[PDB]
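Notes to accompany the following structure.
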Amino acid sequence: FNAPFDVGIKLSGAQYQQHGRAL
(Lines give C-alpha, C1' and ligand atoms only; values in the text may rest on other atoms or scores of the structure.)
Protein backbone atom coordinates (compact mmCIF):
# COMPACT_ATOMS: atom_id res chain seq x y z
CA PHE A 1 0.00 0.00 0.00
CA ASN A 2 2.52 2.56 1.20
CA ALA A 3 3.81 4.59 -1.72
CA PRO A 4 0.92 3.66 -4.03
CA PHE A 5 2.52 6.00 -6.53
CA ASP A 6 4.89 4.75 -9.20
CA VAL A 7 6.27 2.54 -6.45
CA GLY A 8 5.43 -1.10 -7.03
CA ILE A 9 5.70 -0.96 -10.80
CA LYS A 10 8.47 -3.52 -10.50
CA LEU A 11 5.59 -5.93 -10.91
CA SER A 12 3.00 -3.98 -12.86
CA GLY A 13 2.49 -6.07 -15.98
CA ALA A 14 2.46 -8.94 -13.52
CA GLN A 15 -0.22 -7.72 -11.14
CA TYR A 16 -2.45 -7.67 -14.20
CA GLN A 17 -5.80 -5.97 -13.70
CA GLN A 18 -4.61 -5.88 -10.11
CA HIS A 19 -6.06 -2.39 -9.90
CA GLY A 20 -2.87 -1.57 -8.04
CA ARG A 21 0.02 -1.12 -10.45
CA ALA A 22 -1.39 -0.79 -13.94
CA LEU A 23 -4.70 -0.03 -12.27
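Each chain in the C-alpha coordinates gets a letter, A, B, ..., in the order shown, and its residues are numbered from 1; ligands are numbered from 1 in order too.
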Determine, counting only C-alpha atoms, which protein, DNA and RNA residues have an atom within 10 Å of an atom of residue 20 in chain A; residues of the same chain fewer than 2 positions away are not included. Present the result as a ChimeraX atom specification.
/A:1,4-5,8-9,11-12,15-18,22-23
Expected file contents, prior selection, N, CA, C and O atoms, as a CSV table (one decimal), in the first residue's frame:
chain,number,residue,atom,x,y,z
A,1,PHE,N,0.8,-1.2,0.0
A,1,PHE,CA,0.0,0.0,0.0
A,1,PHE,C,0.9,1.3,0.0
A,1,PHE,O,0.8,2.1,-0.9
A,4,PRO,N,1.8,4.2,-3.0
A,4,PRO,CA,0.9,3.7,-4.0
A,4,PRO,C,1.2,4.3,-5.4
A,4,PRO,O,0.6,4.0,-6.4
A,5,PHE,N,2.2,5.3,-5.3
A,5,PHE,CA,2.5,6.0,-6.5
A,5,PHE,C,3.1,5.1,-7.6
A,5,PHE,O,2.6,4.0,-7.8
A,8,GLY,N,6.1,0.2,-6.9
A,8,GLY,CA,5.4,-1.1,-7.0
A,8,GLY,C,5.2,-1.5,-8.5
A,8,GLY,O,4.5,-2.5,-8.8
A,9,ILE,N,5.8,-0.7,-9.4
A,9,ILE,CA,5.7,-1.0,-10.8
A,9,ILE,C,6.6,-2.1,-11.2
A,9,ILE,O,6.5,-2.6,-12.3
A,11,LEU,N,6.4,-4.8,-10.6
A,11,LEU,CA,5.6,-5.9,-10.9
A,11,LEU,C,4.2,-5.4,-11.4
A,11,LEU,O,3.2,-5.9,-10.8
A,12,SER,N,4.2,-4.5,-12.3
A,12,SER,CA,3.0,-4.0,-12.9
A,12,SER,C,2.3,-5.0,-13.8
A,12,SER,O,1.3,-5.5,-13.5
A,15,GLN,N,1.0,-7.9,-11.9
A,15,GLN,CA,-0.2,-7.7,-11.1
A,15,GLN,C,-1.4,-8.0,-12.0
A,15,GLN,O,-2.4,-8.7,-11.6
A,16,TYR,N,-1.4,-7.5,-13.3
A,16,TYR,CA,-2.5,-7.7,-14.2
A,16,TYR,C,-3.8,-7.3,-13.6
A,16,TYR,O,-4.2,-7.9,-12.6
A,17,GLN,N,-4.5,-6.4,-14.2
A,17,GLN,CA,-5.8,-6.0,-13.7
A,17,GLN,C,-5.8,-6.1,-12.2
A,17,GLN,O,-6.9,-6.4,-11.6
A,18,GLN,N,-4.7,-5.8,-11.6
A,18,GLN,CA,-4.6,-5.9,-10.1
A,18,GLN,C,-5.1,-4.6,-9.5
A,18,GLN,O,-5.0,-4.4,-8.3
A,22,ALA,N,-0.9,-1.3,-12.7
A,22,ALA,CA,-1.4,-0.8,-13.9
A,22,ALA,C,-2.8,-0.3,-13.8
A,22,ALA,O,-3.4,0.3,-14.7
A,23,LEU,N,-3.3,-0.5,-12.6
A,23,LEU,CA,-4.7,0.0,-12.3
A,23,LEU,C,-5.7,-0.9,-13.1
A,23,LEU,O,-6.7,-0.4,-13.5
